[PDB]
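For the sequence shown, the entry's author numbering gives the first residue as 16, with consecutive numbering after it.
Note that beta-carbon positions come from the ideal geometry of N, C-alpha and C, so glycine has one too.
Okay, so here's the structure we're looking at.
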Amino acid sequence: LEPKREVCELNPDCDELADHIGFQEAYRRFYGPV
């Protein structure tokens, strides 16, 4: 797994994850590999 969540921070879709946990599950929802 490489730096992929860099874009996640921009899109509120998975960015909201960092609000209560901020791990990867949210990003995996629309990608898969972390």
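- Per DSSP, the unbroken alpha helix (DSSP H) holding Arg44 starts and ends at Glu40 to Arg44.
- Under the three-state reduction of DSSP, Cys23 is assigned to coil, being neither helix nor strand.
- Collapsing the DSSP output to three states places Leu16 in coil.
- Its chain contains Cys23 and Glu24 as the residues whose beta carbon lies nearer than 7 Å to that of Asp30, once the 5 sequence neighbours on both sides are disregarded; these appear in chain order.
- If the five residues before and after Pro48 are omitted, its C-beta is found closer than 8 Å to the C-beta atoms of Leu16 and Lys19, all from its own chain and listed in chain order.
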